[PDB]
file upload39.tsv (TSV, C-alpha atoms and all ligand atoms)
chain	number	residue	atom	x	y	z
A	1	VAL	CA	-35.33	35.42	-20.30
A	2	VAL	CA	-32.70	33.58	-18.28
A	3	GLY	CA	-29.46	32.84	-20.18
A	4	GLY	CA	-30.31	35.22	-23.02
A	5	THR	CA	-28.31	37.63	-25.11
A	6	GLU	CA	-29.35	41.16	-26.09
A	7	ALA	CA	-31.49	41.07	-29.29
A	8	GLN	CA	-30.52	43.44	-32.11
A	9	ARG	CA	-33.01	46.36	-32.39
A	10	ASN	CA	-34.56	45.11	-35.66
A	11	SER	CA	-34.52	41.32	-35.20
A	12	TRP	CA	-37.99	40.73	-33.74
A	13	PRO	CA	-40.18	43.65	-34.86
A	14	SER	CA	-43.45	41.91	-33.94
A	15	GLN	CA	-42.47	41.80	-30.25
A	16	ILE	CA	-44.47	44.17	-28.03
A	17	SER	CA	-44.34	45.22	-24.37
A	18	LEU	CA	-47.70	44.94	-22.56
A	19	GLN	CA	-47.66	47.42	-19.70
A	20	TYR	CA	-50.03	48.50	-16.95
A	21	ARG	CA	-50.56	51.85	-15.35
A	22	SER	CA	-49.14	52.11	-11.86
A	23	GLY	CA	-49.64	55.54	-10.29
A	24	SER	CA	-48.08	58.15	-12.55
A	25	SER	CA	-46.02	55.60	-14.50
A	26	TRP	CA	-46.26	52.37	-16.52
A	27	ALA	CA	-44.84	48.94	-15.67
A	28	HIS	CA	-43.97	46.14	-18.07
A	29	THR	CA	-45.90	42.97	-17.21
A	30	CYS	CA	-45.90	40.71	-20.32
A	31	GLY	CA	-44.88	40.39	-23.92
A	32	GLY	CA	-47.15	39.97	-26.94
A	33	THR	CA	-46.95	39.64	-30.73
A	34	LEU	CA	-48.33	42.30	-33.08
A	35	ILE	CA	-50.51	40.32	-35.52
A	36	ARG	CA	-52.48	43.12	-37.25
A	37	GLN	CA	-51.86	46.86	-37.16
A	38	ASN	CA	-54.57	46.99	-34.48
A	39	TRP	CA	-54.37	43.56	-32.84
A	40	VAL	CA	-51.90	41.98	-30.40
A	41	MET	CA	-51.73	38.28	-29.44
A	42	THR	CA	-50.73	37.64	-25.83
A	43	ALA	CA	-51.43	35.20	-22.96
A	44	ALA	CA	-54.81	35.14	-21.25
A	45	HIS	CA	-53.14	35.13	-17.83
A	46	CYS	CA	-51.50	38.46	-18.61
A	47	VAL	CA	-54.88	40.16	-18.65
A	48	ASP	CA	-56.68	38.39	-15.72
A	49	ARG	CA	-56.21	41.51	-13.53
A	50	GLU	CA	-58.55	44.50	-13.78
A	51	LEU	CA	-55.72	46.88	-14.82
A	52	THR	CA	-55.32	49.69	-17.34
A	53	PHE	CA	-53.11	48.32	-20.11
A	54	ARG	CA	-51.15	49.86	-22.98
A	55	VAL	CA	-49.08	48.27	-25.70
A	56	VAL	CA	-45.66	49.59	-26.76
A	57	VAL	CA	-44.42	48.65	-30.22
A	58	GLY	CA	-40.90	49.46	-31.51
A	59	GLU	CA	-39.62	49.06	-27.95
A	60	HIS	CA	-36.04	47.95	-27.19
A	61	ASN	CA	-34.94	49.42	-23.89
A	62	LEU	CA	-37.70	49.72	-21.26
A	63	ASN	CA	-35.77	52.35	-19.30
A	64	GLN	CA	-34.69	54.73	-22.07
A	65	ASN	CA	-35.88	56.51	-25.22
A	66	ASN	CA	-35.13	54.45	-28.32
A	67	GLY	CA	-36.62	56.96	-30.75
A	68	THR	CA	-38.75	54.20	-32.27
A	69	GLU	CA	-41.57	53.55	-29.77
A	70	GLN	CA	-45.31	53.90	-30.42
A	71	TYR	CA	-47.60	53.84	-27.38
A	72	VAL	CA	-51.22	52.72	-27.79
A	73	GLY	CA	-54.12	52.02	-25.47
A	74	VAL	CA	-55.99	48.70	-25.34
A	75	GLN	CA	-59.58	49.07	-26.57
A	76	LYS	CA	-60.95	45.53	-26.19
A	77	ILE	CA	-59.63	42.36	-24.57
A	78	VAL	CA	-60.85	39.03	-25.96
A	79	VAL	CA	-59.72	36.13	-23.82
A	80	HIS	CA	-60.21	32.57	-25.06
A	81	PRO	CA	-63.62	31.57	-23.61
A	82	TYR	CA	-62.24	28.30	-22.24
A	83	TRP	CA	-59.43	30.01	-20.27
A	84	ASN	CA	-59.52	29.30	-16.51
A	85	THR	CA	-57.06	31.31	-14.33
A	86	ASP	CA	-57.12	28.53	-11.68
A	87	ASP	CA	-55.77	25.98	-14.21
A	88	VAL	CA	-52.98	27.24	-16.58
A	89	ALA	CA	-52.22	23.55	-17.22
A	90	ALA	CA	-55.63	23.16	-18.94
A	91	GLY	CA	-54.37	25.46	-21.72
A	92	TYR	CA	-56.33	28.13	-23.59
A	93	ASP	CA	-53.76	30.68	-22.34
A	94	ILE	CA	-54.28	33.14	-25.18
A	95	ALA	CA	-55.97	36.52	-25.68
A	96	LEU	CA	-56.28	39.08	-28.40
A	97	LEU	CA	-56.05	42.80	-27.66
A	98	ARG	CA	-57.70	45.25	-30.05
A	99	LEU	CA	-55.62	48.45	-30.03
A	100	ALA	CA	-57.22	51.91	-29.72
A	101	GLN	CA	-55.23	53.09	-32.77
A	102	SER	CA	-53.54	51.25	-35.65
A	103	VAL	CA	-49.75	51.35	-35.36
A	104	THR	CA	-47.44	52.40	-38.18
A	105	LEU	CA	-45.22	49.66	-39.62
A	106	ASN	CA	-41.45	50.08	-40.16
A	107	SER	CA	-38.13	48.25	-39.49
A	108	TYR	CA	-39.02	48.09	-35.77
A	109	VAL	CA	-42.75	47.39	-36.01
A	110	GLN	CA	-43.95	44.51	-38.19
A	111	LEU	CA	-46.74	41.90	-38.07
A	112	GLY	CA	-45.69	38.50	-36.73
A	113	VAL	CA	-45.84	35.60	-39.19
A	114	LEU	CA	-48.13	32.87	-37.85
A	115	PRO	CA	-47.88	29.18	-38.72
A	116	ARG	CA	-50.51	27.42	-40.79
A	117	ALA	CA	-53.21	25.72	-38.69
A	118	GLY	CA	-52.26	22.37	-37.19
A	119	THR	CA	-48.49	22.74	-37.86
A	120	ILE	CA	-46.31	20.79	-35.43
A	121	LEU	CA	-42.52	21.18	-35.23
A	122	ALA	CA	-40.15	18.22	-35.19
A	123	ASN	CA	-38.31	17.58	-31.90
A	124	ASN	CA	-35.29	19.87	-31.39
A	125	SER	CA	-36.51	22.45	-33.93
A	126	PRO	CA	-34.65	25.78	-33.76
A	127	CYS	CA	-36.50	28.57	-31.94
A	128	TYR	CA	-35.74	31.75	-30.00
A	129	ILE	CA	-37.76	33.09	-27.08
A	130	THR	CA	-37.70	36.87	-26.75
A	131	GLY	CA	-38.76	39.21	-23.94
A	132	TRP	CA	-37.93	41.59	-21.09
A	133	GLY	CA	-38.77	38.99	-18.41
A	134	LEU	CA	-36.61	38.20	-15.36
A	135	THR	CA	-33.01	37.37	-16.28
A	136	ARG	CA	-32.80	34.97	-13.34
A	137	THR	CA	-35.29	33.01	-11.24
A	138	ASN	CA	-36.62	35.55	-8.69
A	139	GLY	CA	-34.44	38.14	-10.43
A	140	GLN	CA	-35.22	41.39	-12.21
A	141	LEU	CA	-36.61	42.36	-15.59
A	142	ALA	CA	-34.23	43.06	-18.47
A	143	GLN	CA	-33.78	46.63	-19.59
A	144	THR	CA	-33.00	45.60	-23.18
A	145	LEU	CA	-34.96	42.98	-25.16
A	146	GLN	CA	-33.37	39.55	-24.70
A	147	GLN	CA	-33.35	36.42	-26.84
A	148	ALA	CA	-32.51	32.80	-25.93
A	149	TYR	CA	-32.09	29.81	-28.22
A	150	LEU	CA	-34.66	27.26	-27.02
A	151	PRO	CA	-35.03	24.20	-29.29
A	152	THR	CA	-38.41	22.49	-29.11
A	153	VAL	CA	-39.12	19.38	-27.04
A	154	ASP	CA	-41.83	17.37	-28.76
A	155	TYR	CA	-45.09	16.49	-27.04
A	156	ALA	CA	-44.14	12.80	-26.54
A	157	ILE	CA	-40.99	13.78	-24.63
A	158	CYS	CA	-42.43	16.86	-22.95
A	159	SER	CA	-45.45	15.05	-21.52
A	160	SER	CA	-43.31	12.13	-20.28
A	161	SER	CA	-42.96	11.57	-16.53
A	162	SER	CA	-39.46	13.10	-16.10
A	163	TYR	CA	-40.51	16.25	-17.98
A	164	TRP	CA	-43.93	17.81	-17.46
A	165	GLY	CA	-46.12	14.67	-17.53
A	166	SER	CA	-49.87	15.29	-18.01
A	167	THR	CA	-49.40	18.98	-17.08
A	168	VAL	CA	-48.49	19.59	-20.74
A	169	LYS	CA	-51.26	19.27	-23.35
A	170	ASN	CA	-51.05	18.80	-27.14
A	171	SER	CA	-52.30	22.40	-27.43
A	172	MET	CA	-48.91	23.53	-26.10
A	173	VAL	CA	-45.35	23.75	-27.37
A	174	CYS	CA	-42.41	23.00	-25.07
A	175	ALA	CA	-38.94	24.46	-25.66
A	176	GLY	CA	-35.62	24.46	-23.86
A	177	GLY	CA	-35.32	22.65	-20.52
A	178	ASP	CA	-31.50	22.66	-20.52
A	179	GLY	CA	-31.30	24.18	-17.01
A	180	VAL	CA	-29.48	27.28	-18.29
A	181	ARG	CA	-31.84	29.12	-20.73
A	182	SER	CA	-35.56	29.70	-20.32
A	183	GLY	CA	-38.39	32.18	-20.25
A	184	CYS	CA	-39.14	33.75	-16.86
A	185	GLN	CA	-41.72	36.06	-15.30
A	186	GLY	CA	-42.47	38.98	-17.57
A	187	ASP	CA	-41.87	37.01	-20.81
A	188	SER	CA	-45.40	35.55	-20.60
A	189	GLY	CA	-47.57	36.42	-23.62
A	190	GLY	CA	-44.58	37.03	-25.85
A	191	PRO	CA	-43.44	35.05	-28.91
A	192	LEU	CA	-41.52	31.86	-29.47
A	193	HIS	CA	-40.05	32.41	-32.96
A	194	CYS	CA	-39.21	29.20	-34.82
A	195	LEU	CA	-37.35	28.80	-38.12
A	196	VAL	CA	-39.36	26.80	-40.66
A	197	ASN	CA	-38.66	26.72	-44.44
A	198	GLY	CA	-36.29	29.68	-44.07
A	199	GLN	CA	-38.83	31.93	-42.33
A	200	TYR	CA	-39.23	32.66	-38.59
A	201	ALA	CA	-42.81	32.30	-37.47
A	202	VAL	CA	-44.42	32.74	-34.06
A	203	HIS	CA	-45.23	29.19	-32.98
A	204	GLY	CA	-45.74	29.84	-29.24
A	205	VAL	CA	-47.20	32.37	-26.80
A	206	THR	CA	-45.18	32.08	-23.58
A	207	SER	CA	-47.40	30.59	-20.88
A	208	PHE	CA	-45.62	28.97	-17.92
A	209	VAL	CA	-42.49	27.66	-16.29
A	210	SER	CA	-41.93	25.40	-13.25
A	211	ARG	CA	-42.92	26.61	-9.77
A	212	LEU	CA	-39.42	25.42	-8.83
A	213	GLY	CA	-37.88	28.08	-11.05
A	214	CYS	CA	-37.41	29.45	-14.53
A	215	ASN	CA	-34.38	27.53	-15.84
A	216	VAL	CA	-34.98	24.05	-14.47
A	217	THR	CA	-33.62	20.94	-16.18
A	218	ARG	CA	-36.35	18.93	-17.93
A	219	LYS	CA	-38.88	21.69	-17.21
A	220	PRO	CA	-38.80	23.41	-20.57
A	221	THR	CA	-40.67	26.67	-20.99
A	222	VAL	CA	-44.28	25.99	-22.00
A	223	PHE	CA	-46.10	27.97	-24.69
A	224	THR	CA	-49.61	28.05	-26.06
A	225	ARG	CA	-49.33	26.40	-29.49
A	226	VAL	CA	-50.31	29.16	-31.89
A	227	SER	CA	-51.11	26.71	-34.70
A	228	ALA	CA	-53.90	25.20	-32.54
A	229	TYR	CA	-55.69	28.57	-32.44
A	230	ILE	CA	-55.57	29.88	-36.03
A	231	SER	CA	-59.35	29.45	-36.52
A	232	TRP	CA	-60.08	31.05	-33.16
A	233	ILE	CA	-57.77	34.02	-33.94
A	234	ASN	CA	-59.31	34.51	-37.42
A	235	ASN	CA	-62.83	34.25	-35.94
A	236	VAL	CA	-62.08	36.95	-33.34
A	237	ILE	CA	-60.50	39.40	-35.78
A	238	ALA	CA	-63.38	38.89	-38.27
A	239	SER	CA	-66.08	39.60	-35.67
A	240	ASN	CA	-64.41	42.51	-33.86
B	301	CA	CA	-37.55	52.56	-24.87
call {"tool": "encode", "arguments": {"input": "upload39.tsv", "output": "structure tokens", "more": "lines below"}}
Ligand SMILES: [Ca+2]
result
Amino acid sequence: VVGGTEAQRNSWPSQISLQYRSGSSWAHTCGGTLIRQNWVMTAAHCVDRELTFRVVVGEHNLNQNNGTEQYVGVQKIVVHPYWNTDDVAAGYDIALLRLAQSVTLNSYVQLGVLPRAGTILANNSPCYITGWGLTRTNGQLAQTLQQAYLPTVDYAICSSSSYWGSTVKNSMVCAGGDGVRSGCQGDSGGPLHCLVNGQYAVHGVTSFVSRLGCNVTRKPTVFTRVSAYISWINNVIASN
């Protein structure tokens, strides 16, 4: 997250760190949202590589013991069947990870609230992106979980020529684009939390930013629109 501030430890308890095994250690690669005690929602592109993955819940600082972490292997990876790695702009950038064990819920580990199917946010709706992604374009990952206020940019505006044009689909949510604050590499798969009727819900799964850079004016961060996938998510959980 570029232009973020450090999240409080208990603000975003559905946020997870998706990590892969690298030699004798583990490396953060993406975020995700805990949606059941044994299921995580993340981006399809986060799991294109043939890696060994684990999920960390109750994580705050990637580089030190928080006394709250639970570490769990990934048992099954269900990518949306229409996902195509060659074409992030097509959408379908979503995957569900079935965890090898069910995690224990507490102040630091909670299920993310998902929007009702089909829900669309008004332009400029209040949302926060969270993650440990790069804190600058071509920068380094955050140690501590970051948050940035990224108001939505509606589909009409976001798919206009000066923004993302036809690259953005109605299956996506855009947010930010102020040139200062944005998601960045390593935030992919994590939540966009938006305030609706007094409750934060996870409306987006971070998907892409501009090739030109993370915080680029009129290139808001693009997210898979969770509310377009409620049936798909329910269908997967019910059959696995
Ligand atoms: Ca830690």
call {"tool": "closest_residue", "arguments": {"input": "upload39.tsv", "among": "A:7, A:120, A:95, A:145", "to": "residue 232 of chain A", "atoms": "all atoms listed in the file"}}
result
A:95
call {"tool": "residues_near_ligand", "arguments": {"input": "upload39.tsv", "ligand": "ligand CA 301 (chain B)", "cutoff": "12 Å", "atoms": "all atoms listed in the file", "output": "PyMOL selection string"}}
result
chain A and resi 9+16-17+28+56-71+108+132+142-145
call {"tool": "residues_around", "arguments": {"input": "upload39.tsv", "residues": "segment 82-85 of chain A", "least_positions_apart": "5", "cutoff": "8 Å", "atoms": "all atoms listed in the file", "output": "PyMOL selection string"}}
result
chain A and resi 44-45+48+90-94
call {"tool": "atom_distance", "arguments": {"input": "upload39.tsv", "atom1": "atom CA of residue 124 of chain A", "atom2": "atom CA of residue 112 of chain A"}}
result
22.0 Å
call {"tool": "residues_around", "arguments": {"input": "upload39.tsv", "residues": "residue 52 of chain A", "least_positions_apart": "3", "cutoff": "9 Å", "atoms": "all atoms listed in the file", "output": "PyMOL selection string"}}
result
chain A and resi 19-22+73-74
call {"tool": "build_atoms", "arguments": {"input": "upload39.tsv", "residues": "segment 18-40 of chain A", "atoms": "N, CA and C atoms", "output": "PDB file, in the coordinates of the input"}}
result
ATOM      1  N   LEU A  18     -46.385  44.670 -23.124  1.00  0.00           N
ATOM      2  CA  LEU A  18     -47.700  44.940 -22.560  1.00  0.00           C
ATOM      3  C   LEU A  18     -47.449  45.511 -21.170  1.00  0.00           C
ATOM      4  N   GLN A  19     -47.966  46.709 -20.922  1.00  0.00           N
ATOM      5  CA  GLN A  19     -47.660  47.420 -19.700  1.00  0.00           C
ATOM      6  C   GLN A  19     -48.953  47.812 -19.003  1.00  0.00           C
ATOM      7  N   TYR A  20     -48.867  48.011 -17.690  1.00  0.00           N
ATOM      8  CA  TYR A  20     -50.030  48.500 -16.950  1.00  0.00           C
ATOM      9  C   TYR A  20     -49.702  49.763 -16.200  1.00  0.00           C
ATOM     10  N   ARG A  21     -50.741  50.557 -15.975  1.00  0.00           N
ATOM     11  CA  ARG A  21     -50.560  51.850 -15.350  1.00  0.00           C
ATOM     12  C   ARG A  21     -50.413  51.596 -13.862  1.00  0.00           C
ATOM     13  N   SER A  22     -49.406  52.232 -13.276  1.00  0.00           N
ATOM     14  CA  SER A  22     -49.140  52.110 -11.860  1.00  0.00           C
ATOM     15  C   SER A  22     -48.780  53.518 -11.400  1.00  0.00           C
ATOM     16  N   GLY A  23     -49.724  54.134 -10.690  1.00  0.00           N
ATOM     17  CA  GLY A  23     -49.640  55.540 -10.290  1.00  0.00           C
ATOM     18  C   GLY A  23     -49.502  56.457 -11.477  1.00  0.00           C
ATOM     19  N   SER A  24     -48.393  57.192 -11.497  1.00  0.00           N
ATOM     20  CA  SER A  24     -48.080  58.150 -12.550  1.00  0.00           C
ATOM     21  C   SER A  24     -47.229  57.527 -13.656  1.00  0.00           C
ATOM     22  N   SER A  25     -46.857  56.261 -13.494  1.00  0.00           N
ATOM     23  CA  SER A  25     -46.020  55.600 -14.500  1.00  0.00           C
ATOM     24  C   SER A  25     -46.607  54.285 -15.021  1.00  0.00           C
ATOM     25  N   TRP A  26     -45.813  53.588 -15.824  1.00  0.00           N
ATOM     26  CA  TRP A  26     -46.260  52.370 -16.520  1.00  0.00           C
ATOM     27  C   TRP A  26     -45.261  51.269 -16.168  1.00  0.00           C
ATOM     28  N   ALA A  27     -45.737  50.042 -16.024  1.00  0.00           N
ATOM     29  CA  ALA A  27     -44.840  48.940 -15.670  1.00  0.00           C
ATOM     30  C   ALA A  27     -45.001  47.844 -16.689  1.00  0.00           C
ATOM     31  N   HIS A  28     -43.893  47.333 -17.214  1.00  0.00           N
ATOM     32  CA  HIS A  28     -43.970  46.140 -18.070  1.00  0.00           C
ATOM     33  C   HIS A  28     -44.455  44.950 -17.283  1.00  0.00           C
ATOM     34  N   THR A  29     -45.439  44.215 -17.837  1.00  0.00           N
ATOM     35  CA  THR A  29     -45.900  42.970 -17.210  1.00  0.00           C
ATOM     36  C   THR A  29     -45.779  41.713 -18.088  1.00  0.00           C
ATOM     37  N   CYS A  30     -45.899  41.865 -19.413  1.00  0.00           N
ATOM     38  CA  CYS A  30     -45.900  40.710 -20.320  1.00  0.00           C
ATOM     39  C   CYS A  30     -45.427  41.107 -21.688  1.00  0.00           C
ATOM     40  N   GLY A  31     -45.116  40.120 -22.517  1.00  0.00           N
ATOM     41  CA  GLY A  31     -44.880  40.390 -23.920  1.00  0.00           C
ATOM     42  C   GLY A  31     -46.172  40.128 -24.680  1.00  0.00           C
ATOM     43  N   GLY A  32     -46.078  40.298 -25.995  1.00  0.00           N
ATOM     44  CA  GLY A  32     -47.150  39.970 -26.940  1.00  0.00           C
ATOM     45  C   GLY A  32     -46.572  40.009 -28.347  1.00  0.00           C
ATOM     46  N   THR A  33     -47.393  39.653 -29.330  1.00  0.00           N
ATOM     47  CA  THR A  33     -46.950  39.640 -30.730  1.00  0.00           C
ATOM     48  C   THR A  33     -47.953  40.491 -31.482  1.00  0.00           C
ATOM     49  N   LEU A  34     -47.449  41.484 -32.218  1.00  0.00           N
ATOM     50  CA  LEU A  34     -48.330  42.300 -33.080  1.00  0.00           C
ATOM     51  C   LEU A  34     -48.742  41.415 -34.270  1.00  0.00           C
ATOM     52  N   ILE A  35     -50.044  41.184 -34.437  1.00  0.00           N
ATOM     53  CA  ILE A  35     -50.510  40.320 -35.520  1.00  0.00           C
ATOM     54  C   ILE A  35     -51.304  41.040 -36.605  1.00  0.00           C
ATOM     55  N   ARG A  36     -51.889  42.196 -36.271  1.00  0.00           N
ATOM     56  CA  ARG A  36     -52.480  43.120 -37.250  1.00  0.00           C
ATOM     57  C   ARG A  36     -52.077  44.509 -36.779  1.00  0.00           C
ATOM     58  N   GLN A  37     -52.248  45.534 -37.615  1.00  0.00           N
ATOM     59  CA  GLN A  37     -51.860  46.860 -37.160  1.00  0.00           C
ATOM     60  C   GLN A  37     -52.617  47.272 -35.904  1.00  0.00           C
ATOM     61  N   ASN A  38     -53.781  46.658 -35.668  1.00  0.00           N
ATOM     62  CA  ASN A  38     -54.570  46.990 -34.480  1.00  0.00           C
ATOM     63  C   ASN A  38     -54.912  45.793 -33.603  1.00  0.00           C
ATOM     64  N   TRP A  39     -54.144  44.715 -33.721  1.00  0.00           N
ATOM     65  CA  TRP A  39     -54.370  43.560 -32.840  1.00  0.00           C
ATOM     66  C   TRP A  39     -53.049  42.979 -32.341  1.00  0.00           C
ATOM     67  N   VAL A  40     -53.035  42.647 -31.056  1.00  0.00           N
ATOM     68  CA  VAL A  40     -51.900  41.980 -30.400  1.00  0.00           C
ATOM     69  C   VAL A  40     -52.350  40.632 -29.828  1.00  0.00           C
TER      70      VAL A  40
END
